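Chains as they are written, first to last, in the UniProt record's numbering: chain E, 1 to 108; chain L, 2 to 14, 24 to 96; chain G, 2 to 285; chain Z, 2 to 282; chain H, 2 to 281.
Positions of the beta carbon are idealized from the N, C-alpha and C atoms, including for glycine.
What follows is a set of notes on a single structure, which appears directly below.
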Amino acid sequence: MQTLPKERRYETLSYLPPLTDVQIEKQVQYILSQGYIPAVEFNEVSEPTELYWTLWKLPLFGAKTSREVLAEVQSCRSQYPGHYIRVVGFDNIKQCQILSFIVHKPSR
Amino acid sequence: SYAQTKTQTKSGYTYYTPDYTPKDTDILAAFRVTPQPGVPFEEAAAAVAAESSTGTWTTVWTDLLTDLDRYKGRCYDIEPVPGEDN
Amino acid sequence: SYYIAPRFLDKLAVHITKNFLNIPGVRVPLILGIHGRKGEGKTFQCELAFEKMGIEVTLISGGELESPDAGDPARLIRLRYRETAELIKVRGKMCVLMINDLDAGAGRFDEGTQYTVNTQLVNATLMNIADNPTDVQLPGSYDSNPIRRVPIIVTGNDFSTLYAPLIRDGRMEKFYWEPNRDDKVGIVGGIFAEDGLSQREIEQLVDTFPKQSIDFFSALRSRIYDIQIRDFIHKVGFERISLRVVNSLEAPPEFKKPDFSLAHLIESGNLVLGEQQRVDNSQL
Amino acid sequence: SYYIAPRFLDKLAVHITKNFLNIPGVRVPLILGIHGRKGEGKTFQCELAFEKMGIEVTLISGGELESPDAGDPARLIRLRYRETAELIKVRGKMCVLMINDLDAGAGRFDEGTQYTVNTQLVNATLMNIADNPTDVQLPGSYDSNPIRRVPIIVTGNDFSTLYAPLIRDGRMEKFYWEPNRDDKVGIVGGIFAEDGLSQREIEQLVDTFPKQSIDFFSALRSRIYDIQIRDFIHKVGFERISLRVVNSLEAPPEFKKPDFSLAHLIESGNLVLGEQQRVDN
Amino acid sequence: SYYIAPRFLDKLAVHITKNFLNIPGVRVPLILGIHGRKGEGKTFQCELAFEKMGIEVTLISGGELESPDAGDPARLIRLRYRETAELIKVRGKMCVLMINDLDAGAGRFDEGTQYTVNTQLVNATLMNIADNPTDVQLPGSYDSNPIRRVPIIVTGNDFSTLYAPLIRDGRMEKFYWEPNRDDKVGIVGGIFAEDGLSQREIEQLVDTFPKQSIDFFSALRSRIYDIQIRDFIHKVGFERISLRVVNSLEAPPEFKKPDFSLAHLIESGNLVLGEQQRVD
Ligand SMILES: Nc1ncnc2c1ncn2[C@@H]1O[C@H](COP(=O)(O)OP(=O)(O)OP(O)(O)=S)[C@@H](O)[C@H]1O
Ligand SMILES: Nc1ncnc2c1ncn2[C@@H]1O[C@H](COP(=O)(O)OP(=O)(O)OP(O)(O)=S)[C@@H](O)[C@H]1O
Ligand SMILES: Nc1ncnc2c1ncn2[C@@H]1O[C@H](COP(=O)(O)OP(=O)(O)O)[C@@H](O)[C@H]1O
Ligand SMILES: [Mg+2]
Ligand SMILES: [Mg+2]
């Protein structure tokens, strides 16, 4: 028998081992293949109560390749090293978010 | 002059529509319209259908997050009034 | 049992084996083009040759090189090339990609005839593969991985109507096929080998009809079998000839070997010549 | 060991250096075009010149400039330009983008030929990069960051069949390649350098076949190996020539260097001419 | 300090003046179109003339309304026309809007040989403005108040057949501008004024190439550093030309002012002639 350690979680895909740059590339590729609009969000604090995160620039309406999305994540990461960063996917027809996952956590 | 016929290969990939047929679950409206001098009939009808529904001539980032054809009123028929100008 | 000309066998054997060998300081052409008059035995003798050596063939039709999608015939040649490259790695034998009748694929005839971008891009793609055999890629998938070199055989009627930079000594080895008297005697003799004719008789057959393609003599045998077949149709009857060839649970009809003589063969050959002349001497 | 023509070398070296150097007042063209006759040494010689100077090359295929997606090939060029632009900032040396065989990608064959929207876009993209090399951005981005200038090398067969605004004095420096007597002697001399021929003999070979492309000499060079291979196939046998060459656990067959005499080479040269004459007829 | 031809200036003056003037009984063409060979300097002359006059200019790219992925030409030409009209009131000076390569620079091969959907839109938009210049309407926010009329200039190689109505109506004026000997001397003289060439020298250059575009003579100045660069490469050596220049912290390369002589220009001229000859 083993007792479970107390650890803070971050919604979807937070239980799996930390995502590699190849794995994040594959998840973003899924968003573009379905035809959803990718967007980057960032926040100072991670709380269950708050549901709005400050939008990074604007939604990427004209994205052809997954490399364009990852380049926008790296721009926000270099600017804000101590902020949480997540990737969201807007659907226009259903008018709802389809995928949302955290890509960066505050360094030290 | 040299004219030719051809076969081709293909690469592949908004308010006044007279082709549209009204549905059984639609709200229909009749307007008696009088435009200002120097304004076309089809332009005036398209202006009424736009301004009474959603408006939105210029597309913003918020507008692209939704369907544009789903929530939109359209003009489908123009009929002239007998013995009257414009 | 068919005769293959030694000239034709040597030219094919050398070009293919040379590509798989890596002789240092030798630049080798990837594509072998064979061109000549119609029905001289370009395609047929290839299929005899590949069967003898027991090497794998991938076939591209000439009329396949046009589609309603832009740069889709160009995509096909790359795909078929990569599939052949896998066969060498797995099966462990020589493999050959063969594009037959390329003249009708990517050639311009007159000035009036309107064409499409695909013709331009098919010729573009064939030049690239000839340049870089190891590096063939697909659109949307870029991976740095070398693949094995595959030789290509091309058959055509006329090469004059084809993009010039694609036909040069470095990029493509050229071969003209026009069989001589000795080649004719050997090939025709190979067709009638089972029938049993003397050497002098076979000489006479070529002498009587000298300005003739190989196909002429293979077409000659078909006309000798007419009488036997016609008589068979009559005995069965026209009413129920159909339900006796397609789906019948009976032993197939047997035919005896007709009297293969010089006199009979000559008469038949004269009749075919008359049939050819009729189409040539037509008004409108 | 291969000879590069000084004319060809000096033309490349200036254009590439001039792009990286900044001289006030002077307008410098971004693209250099090399055009001439088939198999005269346009692609081959560029490779040699990029080896001696030791510079990084980004290649684009000719027939890559059309896709069953609208916009897609035009996006390809901008992406490859920016990838080469980053390489300069990282590696710390010259980098060049070469598009080979641009005649069969964008070039209008004739009036008859019908084109799509993709061919329109590729001409439209190349005009933009040639005007604003420092300011290149992808269609629909929020970056807009000044990037490094990258010179472009372009090779083709006929520039007469190529969009007219692209071939302009300020936009593209054109260059015509045609080897002379001295140039031929040098190059052909470089091919047969291991063979061992006297100067007089080399002169005679060029004199015999004066109106010939460079590839023509390489064709006969490679051909002085046919008899050896043919003899090898016969001894092994036709029935087992595939297993003896593909999946063999033996030693590769060695081939002794054939006789390279002027009389034998002229004989072989006449044979190749005879093959071309037969096609021509 | 570039020379302007008197004829070119006159044609611009009269068109702009007459439109702004308010003389009764007189009809004036709104649109002026200029057609000529490429690298004649039609665009360059227009920009210069406006500076001397001091009149504000609005420029619209030919490729900006020709591209399929640009927007809407019909909505664009209207928007630019209104904005130019606002300048007159605020700025208090004459304002002109001009278009370059209306049927060119799109990337298409035809160059007005075959019409497009986009080609039709410009014709439609222009015709509406030419008939009713005083009132121009956007999709929304229709204003009753009139706008000041604005002159339009257009430059190209040639004009399409679709425009023939306007020209017959006399609503459009077509000017064909071709350079002469006197014009050549002026333009060539202005380019090389800073270098310092005698009158006799300038005459010789034009005489060497009697049938040449204006662009060619301007392009000659660029190939003066070629000898210096070629000689420089040799001292450095081919092995390491790149590394020193591309990404190394050293003194930047220094070039002495090129000597200007007629002999050098003739030699350079011949090379460009040869290249252009072989390409076409
Ligand atoms: N060597 C042969 N032995 C027996 N029959 C042959 C032989 N050569 C040709 N034939 C016959 O003649 C026909 C000639 O076929 P091909 O090889 O297609 O000629 P071809 O020159 O390739 O035709 P083109 O130019 O593509 S229309 C064959 O199908 C055989 O029936
Ligand atoms: N300088 C050289 N030294 C040794 N071999 C050369 C040399 N130049 C050309 N060759 C040979 O001739 C061939 C010519 O190749 P290319 O440079 O591709 O010709 P090209 O002018 O680009 O032909 P097109 O117009 O693209 S088809 C090479 O593959 C070599 O075999
Ligand atoms: N009067 C002039 N003085 C100096 N350069 C001129 C003059 N006219 C034209 N040019 C040159 O012409 C080129 C631009 O040509 P452009 O005005 O676009 O001509 P076009 O519109 O007829 O094609 C520039 O290199 C510019 O220096
Ligand atoms: Mg055949
Ligand atoms: Mg080449």
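C-alpha distance - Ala-220/G paired with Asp-227/Z, whole-angstrom precision: 37 Å
Of all the residues that make up the segment 127-147 of chain H, which are near chain L by a beta-carbon distance shorter than 7 Å? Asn-133, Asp-136, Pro-140 and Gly-141
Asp-73/G CB to nearest heavy atom of ligand 4 below 7 Å: no
Indicate whether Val-137/G and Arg-79/G have their beta-carbon atoms separated by less than 8 Å. yes
State the start and end residues of the unbroken alpha helix (DSSP H) segment that holds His-265/H. 263-280
Measuring alpha carbon to alpha carbon, tell me which of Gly-157/Z, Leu-103/Z and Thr-162/Z ends up nearest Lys-39/Z. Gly-157/Z
Can you check whether the C-beta of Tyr-14/L is within less than 8 Å of a C-beta belonging to chain Z? yes
Contacts that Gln-115/G makes with chain L (C-beta to C-beta distance below 9 Å): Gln-5, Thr-6, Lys-7 and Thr-8
Does residue 320/G get closer than 8 Å to chain Z when you measure Cβ to Cβ? The shown model of chain G, from 2 to 285, leaves out residue 320/G, and the question about it has no answer.
Please state whether DSSP places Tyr-4/H in a helix, a strand or coil. coil
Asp-102/Z: CB within 7 Å of a non-hydrogen atom of ligand 4: no
Using CA coordinates, which residue listed in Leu-274/Z, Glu-240/Z and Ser-223/Z is at the minimum distance from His-16/G? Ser-223/Z
Helix, strand or coil: how does DSSP classify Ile-98/E here? strand
Of the residues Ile-93/E, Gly-62/E, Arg-67/E and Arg-86/E, which one's Cα is nearest the Cα of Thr-12/E? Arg-86/E
Would the C-beta of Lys-94/G count as close to ligand 1, meaning under 7 Å from any of its heavy atoms? no
When you compare the CB positions of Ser-249/Z and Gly-55/G, do they come within less than 8 Å of one another, or not? no
Looking at ligand 3, does it come within less than 7 Å of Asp-281/Z, judged from the CB to the closest heavy atom? no
Any chain Z beta carbon closer than 8 Å to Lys-94/G: yes
What's the C-alpha gap between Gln-2/E and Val-69/E? 41 Å
Quick one: give me the first and last residue of the alpha helix (DSSP H) that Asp-132/H is part of. 118-132
Distance between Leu-33/Z and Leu-122/Z (C-alpha atoms, nearest Å): 20 Å
Between the segment 54-81 of chain E and chain Z, which residues of the former have CB atoms less than 9 Å from a CB of the latter, in chain order? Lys-57, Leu-58, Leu-60, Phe-61, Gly-62, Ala-63, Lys-64, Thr-65, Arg-67, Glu-68, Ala-71, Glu-72 and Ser-75
Nearest to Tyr-116/G by CA position, among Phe-110/Z, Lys-90/Z, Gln-278/Z and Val-118/Z, is which residue? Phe-110/Z
Would you mind listing the beta strand (DSSP E) stretches within the segment 28-92 of chain E that are 3+ residues and don't spill past its ends, in chain order? 37-43 and 84-91
According to DSSP, is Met-95/G part of a helix, a strand, or is it coil? coil
Alpha-carbon spacing of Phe-160/H relative to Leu-274/H, whole angstroms: 29 Å
Which same chain residues, not among the five before or five after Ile-267/H, have their C-beta less than 7 Å away from its C-beta? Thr-209
From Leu-60/H, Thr-162/H, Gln-46/H and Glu-41/H, pick the residue whose C-alpha is nearest to that of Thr-120/H; which is it? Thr-162/H
For a test of the three-state rule: what should DSSP assign to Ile-56/H, helix, strand or coil? coil
If we define contact as Cβ-Cβ less than 8 Å, is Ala-71/G a contact residue for chain L? yes
Going by other Cβ atoms of all chains shown within 10 Å of its Cβ, with 16 needed for buried, is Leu-98/H buried or exposed? buried
Contact shell at 6 Å, judged by CB to any heavy atom of ligand 3, ordered along the chain: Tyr-3/H, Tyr-4/H, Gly-37/H, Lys-39/H, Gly-40/H, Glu-41/H, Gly-42/H, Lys-43/H, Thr-44/H, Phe-45/H, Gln-46/H, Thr-156/H, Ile-188/H, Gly-191/H, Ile-192/H, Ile-215/H, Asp-216/H and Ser-219/H
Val-246/G versus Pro-254/G - alpha carbon distance: 9 Å
Given a cut-off of 8 Å on the beta-carbon distance, is the pair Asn-129/G and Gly-63/Z in contact? yes
Under 7 Å Cβ-Cβ, which residues of chain Z neighbour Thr-18/G? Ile-230, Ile-234, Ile-242 and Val-246
By DSSP, does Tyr-164/Z sit in helix, in strand, or in coil? coil
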